[PDB]
Every structure is written in C-alpha cells, then in structure tokens.
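What follows is each chain in one-letter form.
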Amino acid sequence: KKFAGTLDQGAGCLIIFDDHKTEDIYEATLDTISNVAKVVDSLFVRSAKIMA
Amino acid sequence: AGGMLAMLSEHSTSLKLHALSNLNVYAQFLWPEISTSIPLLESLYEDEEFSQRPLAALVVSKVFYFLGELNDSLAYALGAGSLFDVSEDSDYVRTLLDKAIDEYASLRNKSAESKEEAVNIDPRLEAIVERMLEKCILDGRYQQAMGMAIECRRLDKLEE
Amino acid sequence: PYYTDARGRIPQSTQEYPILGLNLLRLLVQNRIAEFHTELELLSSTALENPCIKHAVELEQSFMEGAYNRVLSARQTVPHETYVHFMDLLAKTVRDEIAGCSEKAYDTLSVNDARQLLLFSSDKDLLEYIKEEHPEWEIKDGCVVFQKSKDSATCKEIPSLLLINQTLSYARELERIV
Amino acid sequence: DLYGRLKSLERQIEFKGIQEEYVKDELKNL
Amino acid sequence: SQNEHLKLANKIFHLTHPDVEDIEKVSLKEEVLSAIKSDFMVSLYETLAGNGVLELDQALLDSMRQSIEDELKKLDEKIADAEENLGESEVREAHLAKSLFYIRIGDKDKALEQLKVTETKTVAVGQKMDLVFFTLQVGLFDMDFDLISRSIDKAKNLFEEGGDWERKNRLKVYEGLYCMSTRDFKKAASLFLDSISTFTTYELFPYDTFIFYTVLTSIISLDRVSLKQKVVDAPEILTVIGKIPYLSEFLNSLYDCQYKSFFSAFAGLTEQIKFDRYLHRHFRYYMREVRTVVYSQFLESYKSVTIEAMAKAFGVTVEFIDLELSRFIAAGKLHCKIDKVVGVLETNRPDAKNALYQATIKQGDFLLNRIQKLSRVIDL
Amino acid sequence: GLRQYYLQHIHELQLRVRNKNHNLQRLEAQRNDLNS
Amino acid sequence: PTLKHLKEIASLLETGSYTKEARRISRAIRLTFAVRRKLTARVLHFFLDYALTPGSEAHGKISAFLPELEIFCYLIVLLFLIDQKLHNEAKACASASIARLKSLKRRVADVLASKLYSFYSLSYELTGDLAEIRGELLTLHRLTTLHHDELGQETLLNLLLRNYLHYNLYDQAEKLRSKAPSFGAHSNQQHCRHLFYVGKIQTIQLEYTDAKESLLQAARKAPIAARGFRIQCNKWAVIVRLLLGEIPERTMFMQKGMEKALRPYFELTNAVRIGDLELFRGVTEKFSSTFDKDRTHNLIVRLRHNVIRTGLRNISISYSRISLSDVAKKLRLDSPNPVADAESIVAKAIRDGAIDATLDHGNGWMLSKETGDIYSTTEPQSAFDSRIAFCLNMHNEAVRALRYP
C-alpha cells in the first residue's frame, strides 16, 4: 500500500487514481454522533428525574 | 351517493331537482361526495329555465357551509330566497345569520367611510337582517335588537 | 352508489362484472392505475374470478410487465364486443408508451425493429405513425434516429446558476431568521 | 340588560388588542 | 474464587451454544465434575433443567448447602471476635476476601452488597481496584453490559494516580475481550499490542493461544502497511505462532498472495470459530468480511482481469465466483464492474467522496431520529 | 331569532380574547426579563 | 378497597370540576382505568348509589342496564358492559349516555364526553354497526366544532377517518382531510391516530412522501404502552418504506415485545432486499391470511413491482452486461415469453430511470451504465441534504421557538 500504482491483468494499465482532501465532514459527523449520544444520555437521565 | 349526482346529469330537469332535494336531506352525511360535483349544482343555479333554482342554491350553500367557506355559502344562501327560513333553529341557519349580520355591518361601515362609492348592498342581505331584527322584536329581546340595529347603522329599526 | 350501498337490498345483476371490468379497462387506458387497484380492492374474491374481471387483471399484469405483445394478442381473446373500443384505445396507448420507451432507450433503431416492437403490419403504417404522432423522429438510411435529449439520462447535467441560487434561497431564508 | 355583556366584552377585547402594538414597541425599544 | 470462573463459563457455554455441541454428553459430565464440588449451588438449576433428570440431587445439594452454611457461619463466628478488638474492620476485611467465595458460591447479591461494603473500607486503591476487576468478571458471566459501563470508568479513574501497569495492562485485556465479545472488532486490534505485552492468566495459560487470538482480529482491522506492522507481529509469531502450523499458514497466505490455499485454512478457522465460544455470535459476519477483503486485494491489483482466471488460481468454480461477486457489487462494496458475455471483470476507481458521503447521511438521519423522538417524549 | 343571531358573538369573542391574553403575557414576560 | 378507590376517584372528579382543571379529570380517568380490572357489579351499583341520589331518573336508567358525575357513571358501566361483552346493552347505554350529553351545556364535559365518543362507537364495531353512526356522531362533532370544543373536535374526526376507512370509503376519507381544520396537538394519542390515519390514507393513496412523515409523525409520538398502535404505526411504516423503495432497517424488527408482530414484515423485506419474487409468493401465501387480517394486502400487490425493481437493483449494479433472457431467468418469471417481458421489463426500468443502463436488443444484450465510479454524487447530494438541514434550522428554531430563556 505504498506509492499508488496498479498494472492491468496483461494490457499494461496502471489503476493509480486518488486525490488528497482531508474533509471537515467526517470529523463533523463524528462530533454530531457523540453529541447526540450525550443528548440522549441527558434526556434519559432527566426523564428518570421527571418520573421521580 | 353517486346515484343522486347521476340523476342531476339527466335532462328531466324536475327529476334532477328531485335528486338535488334527496341530496339536501342527506347533505349533512354526503357533503364530501357532493363537494366534487359543485360545478354541476352551480350550472343548475345559473340555468334560467329551471323552476327550482332556489333548491339548487340551498344544496350548494349547505355544501360550502360543511367545507367551511362561509362567504360562498352566504352568496348561495342569498340565492335560495324563500327556502332560507330565519325561523329554523338549525346550526347552519344560525352560523349563516351571524355571518350575514357581520358582512352587512362591515359593508354598511365601509359605505359610510366612502361618501363617493355607494357599495351596492345586496337587497337580499338587507331583507334577511330585517327579518332577523323583526324576529328579535317579536321575541321581546329589545336589547339585542338595539345592539344589532346600532351595528347595522339602521336608525329606523332602532326607533321601531 | 347502487353497486355499493344497495347491494344488501337488490339481487346481484349479471351485468355487474362486465361493466366493472370495463371501468377497470378504462382506468388502465387512462393510466389511472391507483384507482384501478382501489377498485380491485373494493371487489370481492368471487368477482375477481369472473372471466371479464380476470381478463382485465391479466391485461393489467401484461401492461405492467411490458408484455405488450400479450395485450395486443388478447385483443383477440376479448370476451364481449363492448370492450373492443377500449381495447383499441388501449392498443393506441400501448403503442405510444412503446414509442416513448424506444426514444429513451436507443439512439437509433432499424425500421424493421421499429415495426416489430410496435407491431405495424406495413411499412407505410409505421411511416404514417411516425409522421403524425412523433415528427421529431428522423428516418435515415432505414433506421429511426431518436433525437435523444441534450442532457437527461446523465446525472449532475442540469443548470449551475439555478442550483446554486437554490442554495441562495436556503442560506438567506435560513439566517435572516437568526 | 342582556346585550350589555356582548358590548362590554367587545370593548375589553378591543382594548386588549392594542396591547399587541404596545408590547411590540417595547420589544424593540428594550 | 473467580480465577477459574473461566473453566465454568467456557465449558458450560460450549455445551449450550453450537446446537448443544453435537451429542451433549461429555460436557454435562465434566461440568458436573466441577458443579457438585467446590460448593457451587446457584448457577446450575436451569442447567440441570437443560440437563437430564438427575433425580437424586437432593442429597447432593444438602451436603453442599450445609457446606455453604459452614463457611457462612464461620463468618458468623468471626464478625463478633473481629469487632471486639477491631483492626481495620476485620469483619469486612475477612469477608472482603470471602465475598468472592460467596460471589462464586452465591449469586451476585452476596457479592454486590459486600463489595460496595468494603469499597468504603480501604483508603488506598490497591484493594479498591482489585474489587472493581471482580465486578467486571461477574459482569461478563451474567453479561451485564450496562454494569460494565459504570465500573470501567470507575476502574479507569483510579489508575491515573500511580502508574499501575499490572492494573492497566490487565485492564486493556478486559476491554479487548469486551470489544470483541460484541460487534466492535476495531478495539480488538487495540489490545493486539496489549496482548503482545500482557501475561498468561488462569483463563489464558497458553501464550500461543492468546497470540493466535490477537491475529484473527488484526487481519480485519488494519490494512497491509499495518500488515507490515502485522509482519512485525509475525516476527512476534516466529516467537509464538512458530509453534502453530495452522495459524502461521493461515496468516501468511494472505500476505504471500497464496490465494488458493487461503480458503483451505479459512474453512478450518471458520469451523473452529463456530464451536468456539464468544465468536459464535458473529462467525457468519467474519468470513464475509474476510471474503470481501481477499477479493478486493486481488482485484485492486489490475485494471481488469478475466473472470475465468480466478478459478484455477484463487478458488475453483467459475459460477461460484459469479454468484459471489454479483452479490457484493449489489451490496454496494468491492469497487469493480463485471461483464458477462465477453467474460471479463472490469474495475473502476471512485473517489473517497461518494462513499464517504454515504456514511454521513446514515448518522445524520440516525441522530435526528434520536432527538426528534426525545423531544416528543419530554414536554409531554 | 335573537338567541341564534345576537348572543352568538359572546361565545366567539372570548375564545380569541383568551389566546390574545396568553400571547401578550408571554411577549410581555420575554420583554420584561430583558428590561430587568 | 375497590369502593374506596371509586370514592376517591369521584372526589377527584368533583375537585377538578370545582377547580375547572381538565388535568384533574384526566388523572381521575386514569385511576378509573386502573380500576377496570377490579370492577364488580355490586361495587359499581354501590358507587352509583353513593354518587347518585336514590330515585334520580339518571340513577334509575343507569341501574336498569346492570352532569359530570351523572355522565361519569355511564363511563364505567359502559366499559363494564363491554367488559362483560354486553355490547347490545353498551349500545343503548352509549346512546343513553350521549343523549344526556347533548342536553348538558358545560365545557367541563369535553373530556368526559370525549372518552364517551371513544367508547360510544366502540360498542358499534363490536355490534357491527359503524355505518349507523355516520348519521349520529358527525353532528356530535358538529356540536364540538360548533362549541369550539378542541378535544371533541379532534377525537370525533379521527373516528370519522376510522369509520370511513373501516368501510373502505377511501374516496371519501381524503375528503375529510382536505376539510378538517388542523387542531392543535392537545391529545397525544388521538392526534397520533389523526397523524396515523393520514398515514394509512397516505399509504393508500400513493402520496408516499407525505405518507412516511405522518406514518413516522404518529409513530414519533406513539406511546410505549400502545405497542399495537406502535406496531400498527410500525406495520404501516414498513409497507410504505417497502413501497418507497427503501427497505426498513432490521433494528426496528428487534424492538422488544413487538417482534412477533413484524415477523411477516421482516421476511417480506428480505425477499425484496434479496430481490427474488419466488420466496415473495411463498412468504406472501403463508402470511396471506395474516395479511388479510391487516387489509394492507392491496399494498402487498404493488411490492412485487418494486421487488421486480429490487431484483433489478441487484442485477444492473452487480452485473455490467447480460442478455435479456438472462434478465428474466434470474428474475424467475413464470411468463411463457420471458424474452419479451424482461426486454419489456427493462423498457419500463429504462423509462423509469431506475438503472443507469442501456439495452442492445439487436444483440439482446443489456448495458448497465458504468454505475460504479460515475461522476459527482452532487446536485442531488447537495439538494437532498438542504431539505434535511433546512428542516433542522426550523426544527432547531422549533426548539428555539420553544426556548423560554
């Protein structure tokens, strides 16, 4: 998995094909998932409080 | 029922009027089916050759009442003429009378602002408000008749 | 209304099923498939077993399955003469639908294949159909040239300014509240 | 008196109606 | 004690999973060989109901519930002599070691009220943190997946003062068996280095066995730059899996590109994965991830190779390859595109944009499903 | 006809009055917290 | 202690009436339901005597079948009548209870009456006389609509949806929705039915996009204790999702207690998920009887069409090119002419755009457009999301609009 490159079965055709784009989006979705999980934590805890 | 609506499409105008009266008795239960066929009932109200135009107008006005469109219900109830009795203790008649008084008071208030545009008040709307004021006077409810006369801007009925 | 609420007061009519199937056929011709299936819903199991109602159901099956050859063949197995009119109208609608599919599918089609798919008996039949209903079709060297749309099947092939100003609507309407 | 209950109720409702503009003015001045 | 609890759990769980391990018979003998001794009373009443009648166990119970009471009453003969001249609450301090007996002998209730008793006794964590490890190990037997979530943080909050690496590196094994026990093969690879450095407990006396376990989760979790990290793990395997002919051949066939013999031992491991406890909940999920990892490793090595070459070099059956590759491209993975009548397989290359967008819209819908349902529940 | 014509507005005005009161109170409290 | 609980509930109702707190009556009704399983005829008559003066015409009529308080006695007795399966007596006691309701002119009777409307009809379904109520309850909604009774305005409308749906007046059920004004969500269960009754109709009338939301909207608010309503909310959401082309996630099929309810539903998706219709027929035929119980069978027929598509979704993306004959064979069509039908099937599929593919009938070979790398996921990616985020900014503001601070 070093420097890109991938010759065809026997036709001589490299398949090296990629781009560099660190995405705010993936970390963003991770943030949202963790924050929503903790929102649900608070919701369940404070619901337990209301029934008490 | 699509059987009464089918009878309205037939050329026996009197039988179509009979189907319309059958849908009238049933207007309270069958209004969602009759609402799809309003243009046929409107065409029967517009037709000058039809002797039972007021009954077509009364069915249309009941359908618009159940649709919640009180303004169109009032316009068609005014079209029904003698078949719209102010004496009837029906929820339909009470709501339309209240709306008729409100529209009449609104039109009279505007006609008094615009000294230059005589808003043509429908004489049928005036005749319903007259009959209602006369009913209130006959019932001994003079305070209500005075309140309505003040809202309607009718000095003559206030004196009466 | 006589067929729905009065069924508990009137003996069953022998003309109920043919007329119901004819309405189903009209709905299929009009492409009112939703109403067609709601009517089938309203029908009982015994009615579905009727030759006319079963014929309508099979015709709908073929039309959905695309077995237009089966529809045009069943035109021969029609049980009652009153249907022939709606069956011919269904055949016209089926030919129109086939033409619509062919325009999107193939860039070019051989005239022999064009006849075969639309089941035109004679060359002049296909020529007349093309000339009247679909003038946009170009006949070159014996093959029907379907003028495929400039950008349709391909994805992300629409206007840029309009999409991006859709984003304008989103953004501006969003924060102006803020 | 019977019509008085409606006339007075209308007067109070109309008076409370202006409260909307009254509050809106302070909601911006504040 | 809870140190051989491993025997109990593993043996009974084998006997109960995999359709009762063929003809259930030697498993109900050797567990009963451990059940009606060492004072076990509670955990096997329904296991007797899952067993045969065994009609006279009453005298087998009465000799042991008496022996339960004899250790119980000597606590009742200790709690008044330890309070007359008190040490460091020597009532509790005696049964802070004998609650773990009563944890084994009784159920969790005699454990949970005595562990939380002695948790307020000791002022240094070196006895506290060993109690928490006892709470973890019973939390696996009764699979208390919600009680482990509390005390793991209550464990982890204690290690930071001090280094406590025998209390940390032992701890990493417990999340490692928890992250593998349920679907979280990601952290399984975490404790891979942890096992490289850990030790042999009563549960895992065989270092070679712990070593092989840390390898089945590694071949999913990391790619081949990290499989060069796994070849450093394979020098560690010349140290430990050098005693294993099976696992050495199984791991290296993926690395040596010996594609045809790869499935031969994969059939062996997956069968062994079924009869093994704790992988049998997910043995069908393993190989379908190992198939798609063995497929796409070969396919990414060409722009397009014919579909009849993979029979004689990778695994026999052309139509077997056909029905298998058709169900994975339709599953939305394994980025290629197969042709049919000119008999070739073509690959593509997509960006890491469409596929990275796909997992975002799942989580965005899932979290909004969480909060919209919450806001309806609260405020009526 | 007086029962079904004139008194009918009493049952109508109060319904809007009740909601106007609550809306005005909520807005007034929102403004009052800020003013304080 | 049953009589003591009855007396405490009566005192609670009296206090609520004096304080004009409908929540008080709500708690009283909750307690009354908590005493349904301990309802004894002797204890019920003792409660009637305690709350009803001996000789009251209402008292005598109530005892013969064995304002707020006179109505309230009808509440338990009618429930017990159905509790004893005496639906014929509950029918008269339902009309007898309601007939008193028309005479009473107090707003505090909305909750008591609203519960009566729920139980008034319920006797009719058990008696099979829902059709004789359309001339009865509708004006009762008129009175509730005429009196501005919001609680009665909603509860009676949904029953209008129920009655017309139970008689399959679906040409008319939508007729109600276009006219019925949107009443505030004052009732958590009733609006769910209003939200869900729209969900059933939306499922029925092909407005699936609107169908899913209201199907989720009620299910969003469905009570945990009303598992069947949740299941019914969850049974209909499944059909649309399968009717939407999106298979519901397995997780909804493992919710505790409701699993036995969705067992027919899970296997139906899997065949759709597998895209094979043969097991569809086997699954459909075995549970056809169960499906008849739900009456969503009509929704079932449509699924094959998507199931045909679902099989199409597999073939086109998992295979670059295969002849039309191979198209029908793997589809397993019992059609005498699979060559034309599959060829025709692709024609509709090509017309529908369900596949990036092209046909070659001269060669009888189908060409699924390279649907792997392709191009940007955008324009639709960047259009899809905005509807969702824009939903949040209103919904976030929905929390903001609900923000008291």
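Draft legend 1. A look at the overall build of chain G. Secondary structure summary: chain G contains 20 helices and 3 strands in total. Computed over its C-alpha atoms, the radius of gyration of chain G comes to 27 Å, more than 25% above the 22 Å expected for a compact globule of 405 residues.

Draft legend 2. Molecular detail of the overall build of chain E. Counting secondary structure elements, chain E contains 21 helices and 2 strands. The C-alpha atoms of chain E give 26 Å as radius of gyration, which overshoots the globular expectation for 380 residues (21 Å, by more than 25%). Counting only C-alpha atoms, chain E reaches 90 × 55 × 50 Å along its principal axes. When contacts within chain E are restricted to residue pairs at least 6 apart in sequence, long-range pairs at least 24 apart make up 46% of them.

Draft legend 3. Fine view of the interface of chain C and chain G. Counting residues at the interface gives 6 residues for chain C and 8 residues for chain G. When grouped by side-chain class, the residues that make up the side of chain C that touches chain G number 2 nonpolar, 1 polar and 3 charged.

Draft legend 4. Fine view of the sheet that holds strand 2 (residues 357-360) of chain G. Residues and elements named next belong to chain G. Spatially, the 3 strands line up as an open sheet ordered 1-3-2, and their pairing is antiparallel. Edge positions in the sheet fall to strand 1 (321-323) and strand 2, since each of these pairs with one other strand and no more. Going from strand to strand, the sheet's axes swing by 20° on average, the running direction of each strand aside. Pairing analysis gives 3 bridges linking strand 1 to strand 3 (residues 365-368), with the strands arranged antiparallel. Among the inter-strand pairings, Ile-322 is bridged to a residue of strand 3, identified as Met-366.

Draft legend 5. Quick look at the interface of chain E and chain G. Taken together, the contacts link 14 residues of chain E with 10 residues of chain G. For the side of chain E that touches chain G, the elements supplying multiple residues, two or more each, are helix 20 (318-329), strand 1 (336-338) and helix 21 (354-377) of chain E. Ranked by the residues each element gives to the side of chain E that touches chain G, the list is headed by helix 20 of chain E, at 3 residues. Of the residues contributing to the side of chain E that touches chain G, the split by class is 6 nonpolar, 3 polar and 5 charged.

Draft legend 6. Structural context of unusual backbone geometry. Here the phi dihedral of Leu119(C) falls at roughly 55°; this positive angle occurs in a residue that is not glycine. Within the element layout of this structure, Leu119(C) appears in the loop between helix 7 (111-118) and helix 8 (123-133). Phi is positive for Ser38(E), which is not a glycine, with a value near 60°. Following the sequence through the fold, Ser38(E) ends up in the loop between helix 2 (27-35) and helix 3 (45-50).

Draft legend 7. Representation of the packing of helix 5 (residues 53-67) of chain B against helix 6 (residues 70-79) of chain B within the structure. All names here are of chain B. The N-to-C vectors of helix 5 and helix 6 enclose an angle of 160°; their axes lie 8 Å apart at closest approach. For the element pair helix 5 / helix 6, the angle class is roughly antiparallel. Considering the relative orientation of helix 5 and helix 6, their crossing is left-handed. Taking contact as the criterion, the partners of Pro-54, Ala-57, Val-60, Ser-61, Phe-64 and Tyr-65 in helix 5 are, on helix 6, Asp-72, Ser-73, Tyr-76, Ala-77 and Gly-79.

Draft legend 8. A look at the arrangement of the chains. Inter-chain contacts occur across 7 pairs of chains; the most extensive set of contacts lies between chains E and G. The two units chain A and chain B are non-contacting; their minimal C-alpha-C-alpha distance is 42 Å.

Draft legend 9. Representation of the pairing of strand 3 of chain G in the model. Residue and element names in this part refer to chain G. Taken together, the 4 bridges between strand 2 and strand 3 define a ladder with antiparallel strand orientation. Within strand 3, the residue paired with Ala-357 across the bridge is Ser-368. In sequence, strand 2 turns back onto strand 3 through a hairpin of 4 residues, with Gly-364 there showing a positive phi of about 60°.

Draft legend 10. Examining the packing of helix 6 (residues 87-103) of chain G against helix 7 (residues 109-127) of chain G more closely. Residue and element names in this part refer to chain G. Running from N to C, helix 6 and helix 7 point in directions that differ by 145°, and their axes come no closer than 9 Å. In terms of crossing hand, the pair formed by helix 6 and helix 7 is left-handed. For the pair helix 6 and helix 7, the contacting residues are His-87, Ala-90, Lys-91 and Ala-94 in the first and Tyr-120, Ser-123 and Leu-126 in the second. For the contact of helix 6 with helix 7, a count of residues per class yields 4 nonpolar, 2 polar and 1 charged.

Draft legend 11. Layout of the sheet that holds strand 3 (residues 143-145) of chain C. Residue and element names in this part refer to chain C. Reading across from one edge, 1-3-2 is the order of the 3 strands in this open sheet, with antiparallel pairing throughout. On the outer flanks of this sheet lie strand 1 (108-110) and strand 2 (138-140), each paired with one strand and no other. Going across the sheet, the axis of each strand differs from the next one's by a mean of 30°, ignoring polarity. Relative to strand 3, strand 2 runs antiparallel, the two being bridged by 3 bridges. Its bridge partner lying in strand 3, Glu-138 is registered against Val-145.

Draft legend 12. Structural detail: the environment of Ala1(B). Mapped onto the elements of the fold, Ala1(B) is located in the segment before helix 1 (2-8). Sequence-wise, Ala1(B) and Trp31(B) are 30 residues apart; in three dimensions their C-alpha atoms are separated by 9.8 Å. Contacts of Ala1(B), omitting those with residues within four sequence positions, involve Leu30(B) and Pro1(C).

Rules used in this analysis
Per-chain numbering applies: from 1 upward along each written sequence, possibly unlike the entry's numbering, with residues missing coordinates excluded. Chains carry letters from A onward and ligands carry numbers from 1 onward, assigned in written order. Here the displayed chains are drawn from a larger assembly, and the quantities reported describe the displayed chains exclusively. To get the side-chain values, take all heavy atoms of the structure and skip hydrogens and water. Residues with missing side-chain atoms are left out of burial classes, side-chain pairs and their counts. Numbering of helices and strands runs from the N terminus; a helix is a DSSP stretch of H or I covering at least four residues, while a strand is a stretch of E covering at least two. For the radius of gyration, the atoms used are the C-alpha atoms, and the globule rule reads 2.2 Å times the number of residues raised to 0.38. In what follows, residue pairs with any heavy atoms lying within 4.5 Å of each other are defined as contacts. Residue polarity is assigned by list, with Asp, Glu, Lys and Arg as charged and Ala, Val, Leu, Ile, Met, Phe, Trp, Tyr, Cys and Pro as nonpolar; anything else, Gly included, falls into the polar class. Strand pairing requires that DSSP identify at least two bridges connecting the strands. For helices, the fitted line uses only the C-alpha atoms of the stretch in contact; every axis is such a line through C-alpha atoms, and the angle between N-to-C directions lies from 0 to 180 degrees. When an angle is under 35 degrees it counts as roughly parallel; over 145 it counts as roughly antiparallel; between 65 and 115 it counts as roughly perpendicular; any other value is oblique. Handedness of a helix crossing follows the sense of rotation of the near helix relative to the far helix, less than a right angle counterclockwise being left-handed and clockwise being right-handed.

On their own, these measurements won't tell you what the molecule is for.
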